[PDB]
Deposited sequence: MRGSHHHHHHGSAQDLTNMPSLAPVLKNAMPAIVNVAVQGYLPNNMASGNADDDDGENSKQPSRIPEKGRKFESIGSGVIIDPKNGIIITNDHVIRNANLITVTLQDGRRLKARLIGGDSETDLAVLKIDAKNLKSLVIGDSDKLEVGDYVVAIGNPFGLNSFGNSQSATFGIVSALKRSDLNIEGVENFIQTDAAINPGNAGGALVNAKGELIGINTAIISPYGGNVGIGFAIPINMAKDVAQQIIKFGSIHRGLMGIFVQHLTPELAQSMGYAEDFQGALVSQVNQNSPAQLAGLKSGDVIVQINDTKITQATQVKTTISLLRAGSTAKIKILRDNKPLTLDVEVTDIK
């Protein structure tokens, strides 16, 4: 057997990414996620100080890109392409992923490049498939050609970000133009006036909107649902998203934190367990 059949299918979605800033020359790969919107994902540090981000496809179509946004902590960034006809790959679930699963790291450093290995450990994915500068921000796929992760930069040891997590950050960037991680597996956003009155609240109302609560995280289990609004963490008032990361990070691990929330006009309070 071989992987050629299934890599043939993965290939088209993998792009090359050249960056020029200040003169600067950066090169990495990227994966097309939504061809009907022209959306691709690559590493965050590749497009750092980016002045000219140029994407080259498989068919050689050189195109210019628009950084919708990027995330530091996962080293991920999202770009938009204003083009059509694009093809993507079949994408899988990183939840089904187990150590021992075979794995291939693809990229496009020039004008392909695939390395084989397995998953070594399992919030990134460790692998003995050889990742490179040329193929960071590229596609890590399973033995079925399903996209299970995005390559990053760091030995004999590679790391990728599980595509579930990857897609979660891209969406926040797509829907909000940004991404802000608060406490214990939740994502928060600035509760703008227009967002406030989109949720039945007053224009003058302030807080940190919870844009997503990851399942079985301490906050989900502390009872915090998405669409809630934090106004106070302990004896400190909250009025923007960045304050959550700030307030939380200034409290020792495993501490009881009383956080006032506001779910559908009713104020609550949630006792929560701080995680490092």
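Numbered from the first deposited residue, the unresolved ranges run 1-19, 42-70, 160-166, 178-188, 221-227, 350-351.
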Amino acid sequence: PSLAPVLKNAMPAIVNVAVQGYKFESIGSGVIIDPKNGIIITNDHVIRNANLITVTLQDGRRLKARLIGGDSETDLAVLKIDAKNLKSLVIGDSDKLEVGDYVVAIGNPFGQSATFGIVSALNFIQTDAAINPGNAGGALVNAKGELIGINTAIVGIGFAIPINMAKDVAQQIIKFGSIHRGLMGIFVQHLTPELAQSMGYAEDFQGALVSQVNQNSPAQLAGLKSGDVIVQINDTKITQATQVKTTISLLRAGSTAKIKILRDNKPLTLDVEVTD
From here on, numbers count along this sequence of modelled residues.
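For the pair 161-169 and 67-75, the record assigns the higher mean C-alpha temperature factor to 67-75. Stretches compared: 82-90, 144-152. Higher mean C-alpha B-factor in the entry: 82-90.
Between the residues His190, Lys96, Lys175, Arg181, it is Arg181 that shows the highest Cα B-factor in the PDB record. The entry lists a Cα temperature factor for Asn234 that places it in the highest third of the chain's modelled residues. The entry lists a Cα temperature factor for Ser226 that places it in the middle third of the chain's modelled residues. The entry lists a Cα temperature factor for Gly60 that places it in the highest third of the chain's modelled residues. The deposited CA B-factor of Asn43 belongs to the middle third of values across its chain. Ranked by C-alpha B-factor against the other modelled residues of its chain, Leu7 falls in the lowest third.
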